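*Asks:* Below is a structure I'd like to ask you about.
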Amino acid sequence: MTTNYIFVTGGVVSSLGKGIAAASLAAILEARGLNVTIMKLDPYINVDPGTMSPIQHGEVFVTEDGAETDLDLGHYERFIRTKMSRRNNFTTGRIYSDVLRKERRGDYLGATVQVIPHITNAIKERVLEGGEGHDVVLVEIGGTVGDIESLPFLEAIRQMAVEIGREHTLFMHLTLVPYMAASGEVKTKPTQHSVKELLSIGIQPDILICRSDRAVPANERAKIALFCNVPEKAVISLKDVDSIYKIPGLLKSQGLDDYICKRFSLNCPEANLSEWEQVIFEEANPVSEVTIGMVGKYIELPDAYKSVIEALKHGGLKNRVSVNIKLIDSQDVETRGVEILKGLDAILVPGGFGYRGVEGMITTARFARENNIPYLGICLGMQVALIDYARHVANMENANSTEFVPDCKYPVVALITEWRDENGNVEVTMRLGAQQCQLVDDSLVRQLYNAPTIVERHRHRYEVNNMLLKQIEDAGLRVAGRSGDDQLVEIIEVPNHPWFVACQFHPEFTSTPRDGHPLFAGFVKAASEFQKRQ
Amino acid sequence: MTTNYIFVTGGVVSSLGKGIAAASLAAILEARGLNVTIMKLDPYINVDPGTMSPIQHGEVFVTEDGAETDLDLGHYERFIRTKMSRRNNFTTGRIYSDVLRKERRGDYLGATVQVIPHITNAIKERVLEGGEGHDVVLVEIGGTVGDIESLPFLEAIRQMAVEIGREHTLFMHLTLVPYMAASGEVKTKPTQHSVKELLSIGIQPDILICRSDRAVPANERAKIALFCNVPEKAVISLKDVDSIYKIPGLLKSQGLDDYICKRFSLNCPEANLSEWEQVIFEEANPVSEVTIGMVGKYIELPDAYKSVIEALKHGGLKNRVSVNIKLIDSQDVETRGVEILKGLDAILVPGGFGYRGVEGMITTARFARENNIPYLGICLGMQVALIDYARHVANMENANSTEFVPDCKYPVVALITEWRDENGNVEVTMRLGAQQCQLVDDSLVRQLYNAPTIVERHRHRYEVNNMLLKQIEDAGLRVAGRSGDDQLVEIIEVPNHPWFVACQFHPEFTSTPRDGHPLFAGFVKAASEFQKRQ
Amino acid sequence: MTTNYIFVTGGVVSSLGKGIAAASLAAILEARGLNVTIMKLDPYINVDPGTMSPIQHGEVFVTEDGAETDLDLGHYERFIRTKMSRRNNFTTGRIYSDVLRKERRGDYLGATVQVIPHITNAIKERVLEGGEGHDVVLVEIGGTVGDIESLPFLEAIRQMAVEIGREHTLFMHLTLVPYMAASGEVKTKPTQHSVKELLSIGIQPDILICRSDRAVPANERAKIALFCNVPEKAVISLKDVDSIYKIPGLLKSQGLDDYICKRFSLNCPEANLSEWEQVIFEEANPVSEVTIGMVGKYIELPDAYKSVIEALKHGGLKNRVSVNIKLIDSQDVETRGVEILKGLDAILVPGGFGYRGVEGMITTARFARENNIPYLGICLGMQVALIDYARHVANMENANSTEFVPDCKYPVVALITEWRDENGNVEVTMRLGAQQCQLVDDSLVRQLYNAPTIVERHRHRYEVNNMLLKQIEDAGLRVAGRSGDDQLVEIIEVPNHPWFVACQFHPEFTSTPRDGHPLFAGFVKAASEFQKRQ
Ligand SMILES: Nc1ccn([C@@H]2O[C@H](COP(=O)(O)OP(=O)(O)OP(=O)(O)O)[C@@H](O)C2(F)F)c(=O)n1
Ligand SMILES: Nc1ccn([C@@H]2O[C@H](COP(=O)(O)OP(=O)(O)OP(=O)(O)O)[C@@H](O)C2(F)F)c(=O)n1
Ligand SMILES: Nc1ccn([C@@H]2O[C@H](COP(=O)(O)OP(=O)(O)OP(=O)(O)O)[C@@H](O)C2(F)F)c(=O)n1
């Protein structure tokens, strides 16, 4: 049991799919019975993505231990079974924070603290912490080789390779081999210049992953093999694909996992990708089609809802339904009205913070409730469902969250500390990661999950006000799930409806293409049944 | 009034004297009536030198505003009259701290924080903050061009030069032009390779400062001029010198200040270096010689006492005395005895923290007191003087500091909060920077300073215990200076002695070669008078 | 067995002694019974040094096959017994000539001829041609790594290392580790930046040879070992020495030959350096001293007479005489007269072309003959001796060479085709390399060489005119050596003299420190005997 490291770097351009490639290779190695994990080194100065806005960087992924991480850890969990944690993602910001704090504690004992060895040591420690206890660890280095921002990471992993040796380390380098119409060929010159930059910081690549908008022919792979001084079988073609689920198969067909198993002296059986073959087959052969509207406030960057979009596609796979996801701005509902929600087979309202676009989401939940259009609300999606039912069925005028209108008459959503009733009477912190939720018997979700208890991941501050709940319950709404000693509301259902479910937790973070998700499967099934009735 | 910047970089090796060169050039420009200042950008991760050990990095310099800074700010204050502050020195550590904290306050508004532009912006802001309000600002970049650690600094100052323009910015690059016996010539090839590294990060030097162990001939300067595409008058020879006081004259004689005044369109009169000429003359023509023992715990790196060594040399200049400074380990006095203090014309005990070597310093103060050898104690040097006089004249057995022996019977030195008497009765934070001190009339120091009040700089925690003082005063010791509402003891004198003075403050930080220092002048005079009597 | 290659490169500066170090290592390896050779790759565009002026490049060394080569091949032959040929030296000029010629002969079959692979292939072919059939081949790359001029050489040897493998190739990189008074240490930073330059062109050094004006301490070699990822025993200190004969011993004492033999899996006995120890002992323990004047037209650059200066030193070793070589400009004899030839124990006039300073050499030959000062003339040195004698003893007025005065009455020196007598009556180009010479009985040289025939190396056009020889022989001059069918004069003597010999050939090219040379041994012995008589 000696841990092996595959360092995954990128050259020429940023957007090579380093994460997908690492995840896809991990999927193959896992399918050979190996204990594998992946970690992402981000060269940004942000301590973590907690502060980073959804419409700049994309969604904040949440691990079961409650870490706020890069959305790439979503790819990782959707390609391998090994659970991600805080240890599988860190930034330059985290590393400098670690070192600045170690300096205050006087751990450096009056020494001058330097990029080498102090910053590089801190990086190596975190890679080893995340890596050890595994057969193979894939380490994705963010950025493009040659840029300033990744130089400490590259020096760190260069040092690791010298210490551990070439028997238990590989350098896998993604590169752009672009097509020029003028020459009618793909061009290796960018790979030549990129590999030279890599050599100049003391890294020799073992494996070249050649990204292009078409196949990189054997002739160009042979050229790249010579000038990089690697075997031709270590030069892999990875053309643009219509589905990332095909990538493990494409890499296996070129023997990449065989090459890695030989270099690391791992005797393991052939990769069984039958689950991926099944996923590819399902995706290629949908029986029917549905249009599902996603109504939120961050649609200007789709990656803001990355895991939700994937969870809907997984819902499609399990029902053999093709899902046409229509991203709709909730502010457009406020101004233009509910005319833009017409022609939808189902409606999803995903998570969010701040009041901008929330009123449109409340109107959207009303439209879906009154017109019997299948509805799934996630976090904020549950809040607007509760506000709708409180306002329009329990006749609680201007019911809202304390997040949006702090001094509202009926704060049906509020922090536990803010909980008050309509007269101002009282009783007597971000919830993050995995928590057990108890499901109410005879509820739709109890049926779908087929268990009394489930584990789903949170990222929210504002809870359902239990002081105003019974009034909403008596007006017809049903509590389907609860959690903890405070008996916090986790899931609500509207029963006089074909399919209406809203949850506080983020089920999208537990959905995979191979195992799907009970809520998303149920939701997409309802969308199909609705479409058939029209 | 448009502020001009001279960016001072170094190539080939670290130890080119970038600070001395910057300070020496500043001295010339100041002697032309210009408002000039200097700042040091350090690529270490240490938030500031406060934590850095004296026997690794050298002395912690203290500005009047109480900043703990690089010893280079000592060079700056000894070459120009412009006072240094916190703004004239910052590290990579400070810059990352600034940015990490701005991220928490949400000043970046959900943006991805990047080396460019966020780290480079933070660097530019601090350079502008320290620079603006001056005719010429010299910005010393620590490190060697081509190293990772200085890349953000070099990108920052490259950006500044583009924005401000070539009319108000210059790049001054120090380089090594070494002599090879084999070729019998100095070699420009290192300068060629260094300048290429500079070009590759988008900086073209305006001025080449050629360091060698001998003159760089016109022939080699002409070669460097062509391959750097600068005028030959912008290629300066700076050979190894026996005295740094000569460097302003050597640079002026090659027209460097004329070149800078033309490039910045500054019409100012010829530099009057008559004060530097006087310093050089004094240093070259000492009338007599003295041996002064410096007894401390950090002698293994002389730079630990950099400003004290310079202050003694300045004492020599003002008395026309050559001072032979003998660095003596205080632990050698503890083991080998006072035999190693023989042949000294005077004794100095400088500042320090921790008990290691303190007992030797107490014995050293006793030797100097009993044998009438001129004594100067600085900070710890005053503590061991008080402990000596308390133990051996006031018969206070085992009198000590609470820093060294917390539960001692007579804590003659302690924190204000720890102040107790011998029976345990009571009454009823690092002191940093400039503080007014009141001088007692008929004291030696009142005579030397010739003023009732002085301003000197502190760097100490532990004070003289005023509860045990009167007992030491009545045993003959005299309080010569005090400060503040707590009437803290700043200066003590033993009067039955030719010259015995010890101060809490660090007078070495206010000494210059041009103006000297009253205490050091008096001390070195006493050392000469003692030597004549033997 | 498989031929092993040591590629010898240089960083930081040109003048590291790459040739001396390669030659000194070859001497250690030859002493271990290995078959070793050395070759020099010069990045100049000159087809060969035959065109290059001696005051620009230094001496044109001549191999036994008549090749005009770099003076480094003189170092090679003075350290190893392996004979150099045309194959042991080529330039970029030769490589481009090779390729341009092959192109016109249609050898490339209408292909585009490129730096890679056509120029690099031509370099590799010539390195193999000189190397194959030896145990170890040392390949010296001229220039400084990072310069444009050496990039094709470095790419060629990089390719060879990939093909041949790490089992039979080593990269030995010389670097400058300069001392700084400011730091009181030698600086590894230039080696750091030079090695980064090597890595960027795809070469990893195996051995670092650290040049400095002093020993590079264990601490500094340890830093270099870590940065370069080489073992500490592969980092060698080579300080400046008084004698190059010590360098084999300094390298052996640090185990360099052991490391090379281990890497190449050569089992050979320990080196016995007794021959070098003896040379060092002889050099360190002279018995008497002499001053020998070398009177020529190229003294501006001493390396113009590299092999002659070394031959005189070797003559010193054999006689236990310390030789003070005084370089005298022959043009100074024309202006200031024979005043400057005073206090010389012997006179040597070396080789040269063109009339400038020749009349000064004729005056010098006359001075030495008339005042019985031991004389050795080489090539031009023989011409001026023959001219002196013809003019001043045989009374042949204005006797000269057709090279200098084509239409002179008495062309005593002239081309074979030009041979005429005083009346203009006739009979019915460059000589290069080793030729047999027949020595005359009862001549001084017949005794000294102790053989009837000798082999010496030529580089000359103009011969002794046989049509005017008889007349000069009748006047007392003796012919001591002849060659070929034309019976060309090789050696002349003046018997009415303690020691007066002059030869057409260059005896300095067959002199070594271990074996010496009979002519130079005799010349220095005569200079000693003359000094004792004064
Ligand atoms: N380090 C190097 C490497 C190569 N070349 C030169 O590069 C030239 C070939 O460059 P091309 O015509 O663009 O072709 P290609 O390299 O195959 O690149 P692509 O895959 O994008 O088509 C040779 O003359 C050379 F000479 F080989 C060079 O000058 N320096
Ligand atoms: N970028 C460059 C610049 C120069 N050179 C080549 O560098 C060679 C000259 O290098 P030297 O003999 O060491 O001399 P020097 O440069 O004056 O350096 P020093 O001052 O240390 O003596 C030319 O043939 C060249 F060709 F000019 C080069 O190949 N690439
Ligand atoms: N590629 C590199 C390598 C090092 N350094 C930085 O280089 C700094 C140390 O450089 P020094 O003080 O000049 O010392 P030295 O390297 O031992 O060189 P010498 O042997 O000439 O004294 C570290 O802070 C660093 F950070 F390690 C760097 O920034 N980039």
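For chain A, we keep the numbers from Swiss-Prot: what you see runs 1-428, 438-543, in order.
Recorded method is X-ray crystallography, 2.3 Å.
Using N, Cα and C of the backbone, Cβ positions are placed for all residues, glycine too.
Got these off Swiss-Prot a minute ago, pasting:
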REGION    A:1-266  region 'Amidoligase domain'
BINDING   A:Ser14, A:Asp147, A:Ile148, A:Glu149, A:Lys187, A:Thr188, A:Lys189, A:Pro190, A:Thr191, A:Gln192, A:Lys223  CTP binding site
BINDING   A:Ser14, A:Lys187, A:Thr188, A:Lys189, A:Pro190, A:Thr191, A:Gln192, A:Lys223  UTP binding site
BINDING   A:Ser15, A:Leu16, A:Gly17, A:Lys18, A:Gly19, A:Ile20, A:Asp72, A:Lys239, A:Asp240, A:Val241  ATP binding site
BINDING   A:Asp72, A:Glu140  Mg(2+) binding site
BINDING   A:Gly352, A:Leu380, A:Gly381, A:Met382, A:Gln383, A:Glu403, A:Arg470  L-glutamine binding site
ACT_SITE  A:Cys379  active site, nucleophile
ACT_SITE  A:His515  active site
ACT_SITE  A:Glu517  active site
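What does the local environment look like for each feature on the list?
*Replies:* DSSP assigns A:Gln192 (UTP binding site) to a helix. The Cβ of A:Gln192 (UTP binding site) has 14 other Cβ atoms within 10 Å, all protein chains considered.
Within its own chain, A:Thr191 (CTP binding site) has A:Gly11, A:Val12, A:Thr175, A:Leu176, A:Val177, A:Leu208, A:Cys210, A:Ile224, A:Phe227, A:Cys228 as residues 6 or more apart in sequence whose C-beta sits under 8 angstroms from its own.
The Cβ of A:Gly19 (ATP binding site) has 23 other Cβ atoms within 10 Å, all protein chains considered.
Within 10 Å of the C-beta of A:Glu140 (Mg(2+) binding site) there are 27 other C-beta atoms, taking all protein chains into account.
Taking a C-beta cut-off of under 8 angstroms and a sequence separation of 6 or more, A:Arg470 (L-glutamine binding site) has the following same-chain neighbours: A:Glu403, A:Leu415, A:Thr438, A:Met439, A:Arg440.
Over all protein chains present, the Cβ of A:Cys379 (active site, nucleophile) has 20 other Cβ atoms lying within 10 Å.
Within the same chain, residues at least 6 positions away in sequence whose Cβ sits under 8 Å from that of A:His515 (active site) are A:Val62, A:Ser307, A:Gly351, A:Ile378, A:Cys379, A:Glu465, A:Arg466, A:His467, A:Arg468.
In sequence order, A:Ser307, A:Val308, A:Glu310, A:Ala311, A:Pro350, A:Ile378, A:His526, A:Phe529 make up the list of same-chain residues 6 or more apart from A:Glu517 (active site) whose Cβ falls under 8 Å from its Cβ. Under the DSSP three-state reduction, A:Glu517 (active site) is assigned to helix.
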*Asks:* Could you measure the widest C-alpha to C-alpha distance across A:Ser14, A:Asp147, A:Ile148, A:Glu149, A:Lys187, A:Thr188, A:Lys189, A:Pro190, A:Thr191, A:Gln192, A:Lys223, the residues recorded as binding CTP, and give it to a whole number of angstrom?
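*Replies:* Output for CTP binders A:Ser14, A:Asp147, A:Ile148, A:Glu149, A:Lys187, A:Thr188, A:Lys189, A:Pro190, A:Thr191, A:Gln192, A:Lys223: max Cα distance 30 Å.
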*Asks:* What's the most sparsely packed of the binding-site residues A:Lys187, A:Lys189, counting other C-beta atoms within 10 A?
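*Replies:* Comparing Cβ neighbours within 10 Å for the binding-site residues A:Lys187, A:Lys189, A:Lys189 has the fewest.
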*Asks:* Can you tell me which of these binding-site residues sit near ligand 1, meaning the Cβ is under 6 Å from at least one of its atoms: A:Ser14, A:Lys187, A:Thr188, A:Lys189, A:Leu380, A:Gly381?
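*Replies:* Among A:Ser14, A:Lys187, A:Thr188, A:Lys189, A:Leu380, A:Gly381, near ligand 1: A:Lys187, A:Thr188, A:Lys189.
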*Asks:* Considering Cα atoms only, can you say which of A:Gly17, A:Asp240, A:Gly381, A:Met382 is the nearest neighbour of A:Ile148 (CTP binding site) among these binding-site residues?
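*Replies:* Of the binding-site residues A:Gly17, A:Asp240, A:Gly381, A:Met382, A:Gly17 has its Cα closest to that of A:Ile148 (CTP binding site).
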*Asks:* For the binding-site residues A:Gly17, A:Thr191, A:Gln192, A:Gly381, A:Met382, which residues show a Cβ-Cβ distance under 8 Å to chain C?
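*Replies:* Among the binding-site residues A:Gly17, A:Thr191, A:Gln192, A:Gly381, A:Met382, not one has a Cβ sitting under 8 Å from a Cβ of chain C.
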*Asks:* Would you list the recorded positions among A:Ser14, A:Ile148, A:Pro190, A:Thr191, A:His515 that come within less than 8 Å, Cβ to Cβ, of chain B, in the order they occur in the sequence, writing 'none' if nothing qualifies?
*Replies:* A:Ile148
*Asks:* Note down the number of other Cβ atoms within 10 Å of the Cβ of A:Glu403 (L-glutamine binding site), including every protein chain shown.
*Replies:* 20
*Asks:* DSSP secondary structure for A:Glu140 (Mg(2+) binding site), reduced to helix/strand/coil, please.
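*Replies:* In the DSSP reduction, A:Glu140 (Mg(2+) binding site) maps to strand.
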*Asks:* In the structure shown, which of the binding-site residues A:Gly17, A:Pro190, A:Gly352, A:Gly381 has the fewest other Cβ atoms within 10 Å?
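*Replies:* Across A:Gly17, A:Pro190, A:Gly352, A:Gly381, these binding-site residues, the one with fewest Cβ atoms within 10 Å is A:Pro190.
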*Asks:* Among the binding-site residues A:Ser15, A:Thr188, A:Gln383, which residue has the largest number of other Cβ atoms within 10 Å of its own Cβ?
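*Replies:* Buried the deepest by this measure is A:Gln383.
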*Asks:* What residues, ordered by sequence, lie under 8 A Cβ-to-Cβ from A:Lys223 (CTP binding site) and sit at least six positions away in the same chain?
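*Replies:* Residues satisfying the criterion: A:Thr188.
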*Asks:* Give me the sequence-ordered set of same-chain residues, not including A:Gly352, A:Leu380, A:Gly381, A:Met382, A:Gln383, A:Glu403, A:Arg470, with a C-beta within 8 angstroms of the centroid of the L-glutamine site's C-beta atoms.
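*Replies:* Not counting the recorded site residues, we get A:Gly351, A:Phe353, A:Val358, A:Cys379, A:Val384, A:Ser401, A:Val413, A:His469, A:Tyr471.
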*Asks:* Let's check the environment of A:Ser14 (CTP binding site): how many other CB atoms sit within 10 Å of its CB?
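*Replies:* For A:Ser14 (CTP binding site), the count of other Cβ atoms within 10 Å is 10.
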*Asks:* Using C-alpha positions only, work out which of the binding-site residues A:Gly17, A:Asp72, A:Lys187, A:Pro190, A:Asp240 is nearest to A:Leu380 (L-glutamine binding site).
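*Replies:* Smallest Cα separation from A:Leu380 (L-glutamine binding site) among A:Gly17, A:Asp72, A:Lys187, A:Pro190, A:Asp240: A:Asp72.
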